[PDB]
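> Have a look at this one.
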Ligand SMILES: O=C(Nc1cncc2ccccc12)[C@@H]1CNCc2ccc(Cl)cc21
Ligand SMILES: [Cl-]
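Residue numbers (our numbering), protein chains in the order written: chain A, 1 to 299; chain B, 1001 to 1302.
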């Protein structure tokens, strides 16, 4: 029993964190095989092609623990700088670069000066921001998932927006959301709640003995989406209904039946009651996270 | 900016997780140097669980009865001893991945990271606190026994918890790494109930300071309180008494935000009386008590 915001074990990612210095700027890098990936703003209205051409290999000071790595090449791919090094990381795990969709969750290994300080779980918001916990020096910290023995790198931190939310790229340097890597007026779009994730978390609560919100009613997918759109909730698709199938089978509560519970929860509130120690509806657990935690999958 | 329930990077602890098998029972072990630490109930059956005599059961065991597996490698047990509720299995190989470590026994209110494991394999990491009733509100299924709680301050891993059991209410009980249980719990299937839980007052105050540091001031008020009047109010909401030690510990946060501890105490009294009124504090509609004053400083400063 118990339901916690749980991150993947960070060990495979810790062995890849390095410190990258260029001039006055010091941030984090991801060392995989003989390449160190880091945000391109480490070289900093910036013209990154112009700024990078002026740099030489010895301008980049890469430090892996108490060992200095020597940079033998540098190239830019979108908003990520790829620093070719002489040494291949012996601790390189089996990995992939994956781009995630809004609503998907991942673990963040927050780092400062190439040293991991913490690990937390979070979700890619529908407005493409992440509600992270980042201070100055965290740039280059990465988000990941583990599937079996493979580390899927899905995020690299670049910046904090004026509202305290974070913006970053995939490992190919493509930003999530309509952001750019420069000091300019940028604002996160109006956020929405990840509906499929709230439903998955309602199933996790049922699996844990919390049934007070359940009701005899069901709804059509159309009537649910008309209500959900009114409360700034993401539309629930048939793909989402299909993905919730295993949880629906395990608890004996049809997806549209659980939608009627959510529909009532939105129009009436919790009324002093809590679901899994929370007075708010939680949307940072996907249907897979719930299955993985309530079944105990290992890595 | 931002405030998250953050766990320590689990890497240093992952390299210590092994699977321990004795008869039908399979749980987790902590492999540090040439010793594997695991709950002593690994020697028990379910029929010898109401009133097990562990000295008697252990004397009947030999080294080859304990099957220790570190990854896809079987470790050879060369000795076994019991220290309180923990079994210490001497092995013939010292763990090459043994980090700098300490065994620390924590007090209620303290937080730590849990590396939940099944069959010696890490499945997840989460942050939690030692409840004032000495239980932990973990996320554990059968097979998680032997999973450990830790803090990684600087380069040293401080092991503070080893998971032993789940109480009938879904909460968890375990020991420090010396096998001494936290709380009045025993490693027996006898009737055991967690005492009435209470809110870790010093931690709620620290989390209110974290919210101030992050620009959230709506809950602040022009009032202050005596420590005695605060505790009389706090007790009525099932809140732990705030001591002078707690007031002293909150000193740095009080200095950083310019809000006296007894001033923040008056905010908390008001929150307890009024509720949040549809508002949130650090994205939470409830008062959070699983961040210590030390966690807040570390996350907001370093
Ligand atoms: O509690 C225990 N294990 C678990 C531990 N954690 C989470 C579980 C979740 C679901 C089932 C088991 C779980 C064991 C087994 N049950 C009785 C018992 C009695 C005493 C002792 Cl010390 C251990 C145990
Ligand atoms: Cl302590």
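We treat Cβ as the ideally placed atom computed from N, Cα and C, and that holds for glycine.
1) From residue 111 of chain A to residue 61 of chain A, what distance separates their C-alpha atoms?
2) Please tell me whether residue 1217 of chain B has its Cβ less than 8 angstroms away from any Cβ of chain A.
3) Reducing DSSP to helix, strand and coil, say where residue 17 of chain A ends up.
4) Is the segment 1048–1067 of chain B touching the segment 1009–1028 of chain B, taking contact as three or more C-beta pairs under 8 angstroms?
5) Rounded to whole angstroms, how far is the Cβ of residue 222 of chain A from the Cβ of residue 264 of chain A, which I believe are closer than 8 angstroms?
6) Could you give the DSSP three-state label for residue 145 of chain A: helix, strand or coil?
7) Using 8 angstroms as the limit for Cβ to Cβ distance, is residue 132 of chain A near chain B?
8) Would a check of beta-carbon distances place residue 1299 of chain B closer than 8 angstroms to chain A?
9) Report the neighbours of residue 301 of chain A on chain B: residues whose CB is nearer than 9 angstroms to its CB, in chain order.
10) If you measure from the beta carbon of residue 6 of chain A to each beta carbon in chain B, is any gap under 8 angstroms?
11) Under 8 angstroms between the Cβ atoms of residue 28 of chain A and residue 114 of chain A?
12) Exposed or buried, residue 212 of chain A, counting other C-beta atoms within 10 Å across all chains shown (16 or more means buried)?
13) Strictly below 7 angstroms CB to CB, what residues from chain B border residue 14 of chain A?
14) Compare the C-beta of residue 184 of chain A against all C-beta atoms of chain B and say whether one is closer than 8 angstroms.
15) For residue 297 of chain A, which residues in chain B fall below 7 angstroms Cβ to Cβ?
16) Please tell me whether residue 120 of chain A has its Cβ less than 8 angstroms away from any Cβ of chain B.
17) Report the CB separation of residue 89 of chain A from residue 33 of chain A in whole angstroms; it is logged as a contact under 8 angstroms.
18) Give a yes or no on whether 8 angstroms exceeds the smallest Cβ distance from residue 1047 of chain B to chain A.
19) List, in order along the chain, the chain A residues whose C-beta lies closer than 8 angstroms to that of residue 1118 of chain B?
20) Would you mind working out which of A:153, A:107, A:41 sits nearest residue 319 of chain A, comparing C-alpha positions?
21) Where do the N-terminal and C-terminal ends of the alpha helix (DSSP H) with residue 268 of chain A fall, by residue?
22) Against chain B, does residue 141 of chain A count as a neighbour if the rule is that its beta carbon must be under 8 angstroms from one of theirs?
23) Using a Cβ-Cβ cut-off of less than 7 angstroms, list which residues of the segment 1236–1267 of chain B approach chain A; keep chain order.
24) Run the Cβ filter for me: residues under 7 angstroms from any heavy atom of ligand 1, listed in the order they occur in the chain.
25) Which runs of the alpha helix (DSSP H) spanning at least 4 residues fall entirely within the segment 58–146 of chain A, listed in chain order?
26) Quick one: grab the DSSP three-state call for residue 28 of chain A.
27) Would you check if the segment 1176–1189 of chain B and the segment 1129–1136 of chain B touch, i.e. whether three or more CB-CB distances between them fall below 8 angstroms?
28) Within the present structure, is the beta-carbon of residue 1107 of chain B separated from the nearest heavy atom of ligand 2 by less than 7 angstroms?
29) Taking only beta carbons into account, state which residues of the segment 1159–1189 of chain B come closer than 9 angstroms to chain A, listed in chain order.
30) Of all Cβ atoms in chain B, is any one closer than 8 angstroms to the Cβ of residue 56 of chain A?
Working from what's here:
1) 17 angstroms
2) no
3) strand
4) yes
5) Contact doesn't hold; Cβ gap of about 17 angstroms is too wide.
6) strand
7) yes
8) yes
9) This structure gives no information on residue 301 of chain A, because the portion of chain A shown stretches from 1 to 299.
10) yes
11) yes
12) exposed
13) 1009, 1011
14) no
15) 1123
16) yes
17) 6 angstroms
18) no
19) 296, 298
20) No answer is possible for residue 319 of chain A: the residues shown for chain A start at 1 and end at 299.
21) 255–268
22) no
23) none
24) A:1, B:1039, B:1041, B:1049, B:1140, B:1141, B:1142, B:1144, B:1145, B:1163, B:1164, B:1165, B:1166, B:1172, B:1187, B:1188, B:1189
25) none
26) strand
27) yes
28) yes
29) 1166, 1169, 1170, 1171, 1172
30) no
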